[PDB]
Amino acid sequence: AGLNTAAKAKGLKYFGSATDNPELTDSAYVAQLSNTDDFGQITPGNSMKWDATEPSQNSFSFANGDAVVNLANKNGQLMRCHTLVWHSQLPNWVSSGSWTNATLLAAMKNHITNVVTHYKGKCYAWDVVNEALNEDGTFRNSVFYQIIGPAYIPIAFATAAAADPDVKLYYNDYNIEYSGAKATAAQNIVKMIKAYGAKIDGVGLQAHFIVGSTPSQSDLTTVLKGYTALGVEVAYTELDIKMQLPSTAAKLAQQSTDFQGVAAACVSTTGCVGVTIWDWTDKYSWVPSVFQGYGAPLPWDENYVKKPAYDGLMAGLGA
């Protein structure tokens, strides 16, 4: 019994975790990441992004991504590959470049084709385009939007599908898990890609939530079904629930309830294929400076010891 076994019993394809290459020298860490009772799927937190894979123009660098795939392969875990086109973690040669539509499309397509071809057959899913929207539902004024216009999004999907016709292609974003202008805009991006005639198989809902401010199971489920209704599968792709510090028993209990609701929403939704937590131990959680004051976001603590949230996830998965 563990998260992945429970998830699969309920019909999900996996419960899984992200990781990153600096953690892999920690053999105790790796032993639990490799426990397929809890994790049937791995995401590389950083080593398949554009800054990692094409840090200078045309210079593809796959060793760190390959090391994560090799670990997953050894363990019999699925991969989700993350992420091709994104405004963040973009090398300066792209973000600062002097582009025309043709020249940026060439470089963007070259990035996709090379990365996706290299990983052909190794990935369950690709996050093809990440965080294309602002909070108010406008397009982000990234280099792609400013130079190419909205077509960059369906072109990226079409390019990925040409390189690897069978991997599931996802649009991934945060703050699209509750209703609002941003979730509506994410729906409209799905419709727009499909109308262009490009393949989109999934919406990735990052699920970076806050303890005590997490959307209810009911709200989350409703929003998932708003996506599945458009003809895509859905997954929670980067789940973590940071709490306002310091940690307390009451907050740990609330955090358990919050995680429980997310797992239950997925299990309740036909077409929700799985949940990936954004790493699994607080020691390696993602808490950048903009969230100073928050922390302890994950189901195991910094000592690799389960927190109440682990039991909350199990309950939410019906175990």
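Throughout, we count residues from 1 along the sequence that is shown.
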Task: Selected stretch [higher average CA B-factor]: 68-76 or 178-186 - done: 68-76
TODO: Please work out which of 92-100 and 78-86 has the higher mean CA B-factor as recorded in the PDB entry.
DONE: 92-100
TODO: In terms of CA temperature factor as recorded, identify the highest of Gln206, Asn141, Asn130, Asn110.
DONE: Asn141
Open item on the list: Can you tell me whether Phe39 has a C-alpha B-factor in the lowest, middle or highest third compared with the other modelled residues of the same chain?
Closed with: middle
- [ ] Among all modelled residues of this chain, ranked by Cα B factor, put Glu135 in the bottom, middle or top third, i.e. lowest, middle or highest.
- [x] highest
Task: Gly226 by Cα B-factor - lowest, middle or highest third of the modelled chain - done: highest
Open item on the list: Considering every modelled residue of the chain and its Cα B-factor in the PDB entry, is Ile147 in the lowest, middle or highest third?
Closed with: middle
- [ ] Just say lowest, middle or highest third for the CA B-factor of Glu233 relative to the other modelled residues in its chain.
- [x] lowest
